[PDB]
Amino acid sequence: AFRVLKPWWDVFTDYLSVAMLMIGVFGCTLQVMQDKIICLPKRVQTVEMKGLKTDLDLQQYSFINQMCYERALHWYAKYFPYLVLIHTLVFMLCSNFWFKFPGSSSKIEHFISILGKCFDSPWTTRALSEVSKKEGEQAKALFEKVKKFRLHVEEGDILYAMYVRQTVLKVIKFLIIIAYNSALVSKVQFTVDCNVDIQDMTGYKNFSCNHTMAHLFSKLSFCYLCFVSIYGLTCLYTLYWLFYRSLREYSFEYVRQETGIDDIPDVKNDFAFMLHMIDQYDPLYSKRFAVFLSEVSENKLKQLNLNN
Amino acid sequence: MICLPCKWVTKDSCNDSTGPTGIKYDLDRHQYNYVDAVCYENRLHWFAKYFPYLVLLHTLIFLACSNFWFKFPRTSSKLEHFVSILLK
Amino acid sequence: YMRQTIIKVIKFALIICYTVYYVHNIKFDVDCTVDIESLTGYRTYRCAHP
Amino acid sequence: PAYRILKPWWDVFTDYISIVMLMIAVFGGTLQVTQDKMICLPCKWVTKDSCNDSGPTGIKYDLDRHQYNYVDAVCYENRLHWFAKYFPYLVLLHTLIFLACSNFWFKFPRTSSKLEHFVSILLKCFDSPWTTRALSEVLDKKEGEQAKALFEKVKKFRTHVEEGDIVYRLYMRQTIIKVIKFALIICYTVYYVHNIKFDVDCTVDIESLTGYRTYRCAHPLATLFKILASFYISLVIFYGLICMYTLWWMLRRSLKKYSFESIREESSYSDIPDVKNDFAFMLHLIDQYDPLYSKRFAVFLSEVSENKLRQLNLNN
Amino acid sequence: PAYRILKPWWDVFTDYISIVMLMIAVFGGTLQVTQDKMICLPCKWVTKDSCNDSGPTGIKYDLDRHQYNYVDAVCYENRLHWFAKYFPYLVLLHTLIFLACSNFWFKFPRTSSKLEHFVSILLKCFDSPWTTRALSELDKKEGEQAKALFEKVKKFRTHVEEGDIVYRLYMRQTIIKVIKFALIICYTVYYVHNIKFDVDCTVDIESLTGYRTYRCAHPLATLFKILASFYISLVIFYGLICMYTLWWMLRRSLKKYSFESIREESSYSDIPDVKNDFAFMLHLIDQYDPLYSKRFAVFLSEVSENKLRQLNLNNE
Amino acid sequence: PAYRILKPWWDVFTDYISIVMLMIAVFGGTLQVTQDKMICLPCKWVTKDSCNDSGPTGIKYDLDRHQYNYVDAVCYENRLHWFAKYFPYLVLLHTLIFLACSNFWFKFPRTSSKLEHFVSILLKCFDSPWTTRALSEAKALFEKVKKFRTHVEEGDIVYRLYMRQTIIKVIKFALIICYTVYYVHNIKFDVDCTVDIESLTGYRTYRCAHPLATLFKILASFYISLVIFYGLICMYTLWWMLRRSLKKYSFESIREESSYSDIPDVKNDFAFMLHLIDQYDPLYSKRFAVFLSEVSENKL
Ligand SMILES: CCCCCCCC/C=C\CCCCCCCC(=O)OC[C@H](COP(=O)(O)OCCN)OC(=O)CCCCCCC/C=C/CCCCCCCC
Ligand SMILES: CCCCCCCC/C=C\CCCCCCCC(=O)OC[C@H](COP(=O)(O)OCCN)OC(=O)CCCCCCC/C=C/CCCCCCCC
């Protein structure tokens, strides 16, 4: 089960990435339009006014339009949606980066299988009733399974460090995106002074142009900037929660406070990290799985199986 | 915005003052397109320009509000548990 | 569910207020004065928004 | 489909890369079909079949709109390079050929039958209830009959597929074709990507119909068709690298010989022989995807497990 | 679907070729809809009802845009070759005829019923565990399904040997496909050279325009030539596949299948030499996978039925 | 669908002809919507409201582009024949009515229920193990078959609806061929429009070129060919429903071949759909005979 190991911030970032992909696709379809920039030459040769004849054909106007689109419009105003698509693709790929690793996937699947089968175990309810037959043999087998999990997962710390690496990658990518987008968002202007030297072709040298979708691209850039800022705030909170409490050390003393048996130990490394995952999901899962960690609980359950 | 210039103006306003003959503005097609783009950007109200995008944003936020409890894990776990055990 | 309901109803109130206020500015005839006399020759234009 | 097991990480990586290349091919083809043209303006001053380039007012060329359209069409046909015109069709054809090379494994009927039968028995063994008990080491009549039939079908299927290797040969040929085509694609695209220029000087000799000899043309989609091409080249490089790795994976170890020493030594069933040929190849592919499938299947081919299964069937 | 088992490599190859030619037909038709115009400029100096072809200033034709459009439409209708105008429609029609000829096997109700019955009995023989148990040399439900299946096979064998309708239908389909391939190659190879970029039109519209002869450029002519070359290559491949299929039908009598190798390998040495349509569908099975016929052949020998009834008597 | 067997070769062949007719109708419809127009040019010189045609220099017309568009629209509305303008819509309507006639035998709930009952019992007899035993030589299934026979021999509404559908599908074919053949010669490339817009344009008579006429010609010819095929198929269908009586079915061949000779002669709707069964594949009818004979019921 890969949905359960995803906290609220991960789903929020996934939906923000989906929205950013939609923004990029909309920007690309905006770039599909043929009519992009409209240019007019400068210094052309009850008050009644008269129009200024520029003595230019339609083809000369099209040539001026394309020359000023290529050599006067800023590269950001032309290739913003493609950059958005690339950035949102990299953001989506790195969202499940700690999910797709082989060992990480194996330990996550083992943890969710063990935790789910513990959740439908009658003896968990039996031990909760004790705190506040055949199923005894199943509980003994599940205790050996928990010990096997402790020997199989706790020796490593790949998951927490790899999650920290993915979160740091998200934070730095948000920083770079915000930085260059704030630096280049002012380049998307309506009126552009185009100064290409096509005087030998059209007769004029200075042109004033307008980018027709400059306002729409500016709004799209500001919306993308807001989405990236929300993404960065979410990732900054993720970093704060990751680093303010040591996820290499899960204190089961909160279980010890209301549950009388004190034998359950303080898990370390990957076990503590994934238990913090499940605590963010639902703390009842951890408070129930706590009772399967003790050895004197196994001796009692062994005593109960002996009496049966 | 199909824009036509006002030949006679009076205090920054159109004056509006033997067969009839068309008015000759002496403007190119591209000068007309430039005027259309400039007046569409500058003097058209923002609501007319951004009504569909505002509607799309409002509907997306409405759908997110109507489907937030289905996606928020703390409530989604309880909801799927309730639905599954109640149906079965 | 409660919070979703209050958020939806206050957003409905805001939407209806601003949309009803600004819905009358969608006009067919728009008079523009954009000061492009140096490029065109005329200052005030009477545009039609189809 | 059912063949998701047989596709390792390199195969799904090339599948996503081919999907992305098809996407950019569709985008480039849409742009080429819709708005690919050139704006050609005649050069008033001509010198040695070239433009002289010796308030301000415009230049009157005395050309109609249709003369301009004719000049644009003729200088797009004659003077713009074929790569700039047919890059989207070339990337579409290359992506289609790569997808055909990927799926010819699945579509060739002999290898399709072999892969489908292998996948079917592997999926029914992976979900067989007897596998959990065998790994944990009475039997239901239906379950015992299913287990006996499954054991006999695994034995006869092993005898059926061990005779010849046609799946491995097709995979070898497909990887070789995919790396050779990658080399050719990279070579010719790198050579011809420099011909996509924004400014093209055309000289088509239509002076009898137009009045001018040399025209200067702007190809509006050139720069875009530049960067997309570069992007395309990047994707191809990735594709080629992946294929190269797969080629190395074919050559560093003999793919037609599989040893169960990773399972027969750990498990009590040390009687498992070394399978060969196509069976070895698909089992190695499973190990590339997930060793759990091969580990759970490995109990169904040893004869000690057969003896204990017959003992359990007799005990019922 | 269920008919995938009956389609050998030639059939699936022709199907993928046909879908590719459908893709190019759709593309050509879309482009013929959207950008199949031509740009016609009048010849200013007419010499013997032709074009003399005899700083610089543009030529003034004194023609409106609408006169240019009228000249374009008239010369496109009259003086453009019919191949250059209806190549994608002809390609679509040919591909649809290929699809209809290939799939009329599955749509003719008598042959479709025979093929569906054959597929159903082969698949339920594949699912039968007793078929594998007998070849390896008793459950009640297994016995019921087995007895029903052997009776099913005897009934089908008595039914299908009456007439070779399916084999004759396949012969007619292959013959139709090969003769249509020959005709397509002949006329397309003859008429592909008529797609030219530069054409001269002489339509006598001097009463409305003022010019007699015009020089026209067809912008889609080179792309249509590329598409025609692609279509010719695809049809050549399809025709070569059809030659191999016809040679496969004519190499050996497909209305006569001998189980001699199969019954020599197996303990049952009395599998009859079937003939006619059943032999034909079994030859197609061997073309897809010999294992299907290998496992189905045990249902035809009388010794297998004798031992089946002996084991039923032991069970009952 | 569920009635994969009740449709004989003529039904499926006409269905595919209808599909190809529908796609060419849609193609012609988008053709007429997107770029269908006509380019109209006046005759400058005049001789009794004509043009005389008394190096070369182009003829000036002093017409604006909008005057040309007005002439195009007016001549397209007035002097282009209505067939050349509404051929794809007529084809689309005809194919929609053809598909409605074909699928009304499927969609009417009474006939749909009867067909689904027969299909369900026929399929469950086809997969039943007891028919093989009977042919070598289920009681609730036999009682269900008898009850269905008593239910379905009451009326012949299915055969009557099939007959009515055949008559509509042949008379519509006759009308389509008549009107399309009569009016296919009105799709001309070059037309003459005399629309009297001299007060707005200055010219009276114009020569117009219809760019998509010739395509709309050959498609129509193509359409005619397809319709002919449809009609020919329907023609033989009429013969198939007039040479033999489908309301009475004789099981004589099967009851002679089988050991049981007590299979009665089936009548009414049961007879009609069993005739359809025999047209598709005689195995289903031969197999359903042994689920009807009361002697085999006594053996069951
Ligand atoms: C592998 C090859 C596959 C080829 C398939 C191509 C599919 C399209 C084929 C049909 C072509 C139709 C031609 C239409 C031309 C109509 C007249 C014309 O020239 O249109 C120009 C007109 C100019 O824009 P306006 O809106 O006037 O701008 C100013 C006012 N805002 O419109 C255009 O730009 C083109 C008109 C539509 C043509 C394109 C239609 C399909 C476009 C698909 C978009 C692809 C986006 C992909 C999104 C993600 C990209 C990473
Ligand atoms: C019953 C059918 C219902 C469906 C109908 C839906 C209508 C289509 C929806 C898309 C709307 C876009 C249409 C835009 C039209 C106006 C644009 C315009 O001014 O176009 C000018 C210009 C007119 O001249 P040309 O076509 O160059 O003439 C050359 C002479 N041979 O037209 C164009 O450029 C094309 C305009 C866009 C066309 C896109 C839609 C066409 C659809 C193609 C249908 C066939 C597709 C598959 C082909 C099958 C193989 C044969």
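The record names cryo-EM as the way this model was obtained, at a resolution of 3.18 Å.

Quick look at the overall build of chain A
What chain A contains, in helices and strands, is 13 helices and four strands. Across the 308 residues in chain A, those meeting the buried criterion constitute 54%. In the structure as shown, chain A presents an accessible area of about 14,100 Å², 60% of it carried by carbon and sulfur atoms. If the 34 positive side-chain charges of chain A are averaged to one point and the 30 negative ones to another, these points end up 2 Å apart.

Brief notes about the UniProt feature "disulfide bond" in chain E
All names here are of chain E. For the UniProt disulfide linking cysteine 40 with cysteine 216, the SG atoms sit 2.0 Å apart, under 2.5 Å and consistent with a formed bond. The class for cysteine 216 is buried, based on a relative accessible area of 0%. A separation of 2.0 Å between the sulfurs of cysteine 75 and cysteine 201 falls under 2.5 Å, matching the UniProt disulfide annotation for this pair. Both residues of the pair, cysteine 75 and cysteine 201, count as buried.

Regarding the sheet that holds strand 1 (residues 39-42) of chain D
As summarised here, the arrangement of the three strands in space is 1-3-2 (chain D), forming an open sheet in which the pairing is antiparallel. At either end of the open sheet lies a strand with only one pairing partner, and these are strand 1 and strand 2 (199-203) of chain D. Looking at each pair of strands side by side, their axes are set apart by 30° on average, direction ignored. Where strand 1 of chain D meets strand 3 (residues 214-218) of chain D, four bridges bridge the pair, whose relative direction is antiparallel. In the sheet register, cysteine 40 of chain D faces strand 3 of chain D, and the bridge partner there is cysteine 217 of chain D. Across the sheet, helix 2 (residues 58-71) of chain A is in contact with strand 1, strand 2 and strand 3 of chain D; its angle to strand 1 of chain D comes to roughly 120°.

Digging into the interface of chain C and chain A
Between chain C and chain A, the contact holds seven residues from the first and nine residues from the second. Summing both partners gives a buried area of about 620 Å² for chain C against chain A, and 61% of it is carried by carbon and sulfur. Of all residues in chain C, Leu39, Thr40 and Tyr42 of chain C bury the most surface against chain A, accounting for 71% of the area lost on that side. For the pair chain C and chain A, the interface holds zero salt bridges. Where chain C touches chain A, the interface holds two residue pairs in polar contact.

Focus on the interface of chain D and chain E
At the junction of the two partners, chain D supplies 42 residues and chain E supplies 52 residues. Summed over both sides, the interface between chain D and chain E buries roughly 3,800 Å², with carbon and sulfur atoms accounting for 61% of that surface. Looking at the side of chain D facing chain E, the largest losses of area belong to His66, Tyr70 and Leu209 of chain D, adding up to 16% of the total buried there. Between chain D and chain E we count four salt bridges in total. Residue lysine 60 of chain E pairs with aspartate 62 of chain D through a salt bridge whose shortest N-O separation is 3.6 Å. If you look at where chain D meets chain E, you find 12 residue pairs in polar contact. Contributing elements (two or more residues each) for the side of chain D that touches chain E: helix 1 (9-35), helix 2 (65-78), helix 3 (82-107), helix 4 (109-126) and helix 6 (141-161) of chain D.

Cut-off values and rules
Residues numbered from 1 in each chain as written, not as in the entry; some residues may be left out. Chains lettered and ligands numbered in written order. Part of a larger assembly, values for the part shown. Heavy atoms only, no water. Helix = DSSP H or I, 4+ residues; strand = E, 2+ residues; numbered from the N terminus. Buried < 20%, exposed > 50% of the residue type's maximum accessible area, 1.4 Å probe, protein only. Areas by Shrake-Rupley, 256 points an atom, 1.4 Å probe, with all protein chains shown as cover. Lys, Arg positive; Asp, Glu negative; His and termini not counted. Charge placed at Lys NZ, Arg CZ, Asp CG, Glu CD. Disulfide = S-S within 2.5 Å. UniProt positions renumbered as here; feature names shortened; annotations may be inferred. Pairing = 2+ DSSP bridges. Axes fitted to C-alpha atoms, helices over the stretch in contact; angles between N-to-C directions. Contact = heavy atoms within 4.5 Å. Buried area = accessible area lost by both parts, 1.4 Å probe. Salt bridge = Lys/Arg side-chain N within 4 Å of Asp/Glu carboxyl O. Polar contact = N/O pair within 3.5 Å; in protein donor to acceptor, adjacent residues only side chain to side chain.

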